[PDB]
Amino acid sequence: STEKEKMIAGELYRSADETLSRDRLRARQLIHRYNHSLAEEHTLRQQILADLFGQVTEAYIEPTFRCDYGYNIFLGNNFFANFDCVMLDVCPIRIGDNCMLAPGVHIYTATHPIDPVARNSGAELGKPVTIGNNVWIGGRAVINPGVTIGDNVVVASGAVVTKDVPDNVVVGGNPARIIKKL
């Protein structure tokens, strides 16, 4: 596997890879255009998301938005994200239908080795994130690498989600825990 294929697969890779580096620049060019767009340039924002993402249909994302690659973000139907969300998509971020992200939600797939030498080596890795259908993620929440969230979940504002979340629950806290069953 190439560095790019390894990255997507959740294997150790080098981000300084030429191809990945070019990909990151392209994403940042699209995001710069998105984030400076005039309030009324709805149509442009829609075109940019279709150019950026791995899959999108209907999506509404309040500026600002940030991501690493774009092409590793796969959205189901009728997606909404409020102001200033971030998706570090080194591995796939798969989001189901009718998702709502509140302001400042961060979703991370990127990680580094815990060992300092390994970390400073230029080697890094990722773990994918999968989110089901009808998920509402409250403001300022953090979704960590390798997490799967089921269907019909509510993530409370400010929650830090470190482990999988099953269907039909509310989770809150840091580390998040189940606080209510639906």
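Don't overthink the numbering: it's just position in the shown sequence, from 1.
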Report summary line: Between 106-114 and 79-87, the record assigns the higher mean Cα B factor to 106-114
Query raised in the report: Out of 165-173 and 11-19, which stretch has the higher average CA B-factor listed in the record?
Result: 11-19
Requested in this report: Among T148, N134, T43, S157, single out the one with the highest C-alpha B factor in the record, please.
Outcome: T43
Query raised in the report: Of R66, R140, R26, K127, which one's C-alpha B factor is largest in the deposited record?
Result: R26
Query raised in the report: What third of its chain, lowest, middle or highest, does the C-alpha temperature factor of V153 fall into?
Result: middle
**Report entry** Cα B factor band for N144 (lowest, middle or highest third within the chain)
**Finding:** lowest
Report summary line: Temperature factor at the Cα of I61, chain-ranked in thirds, falls in the lowest
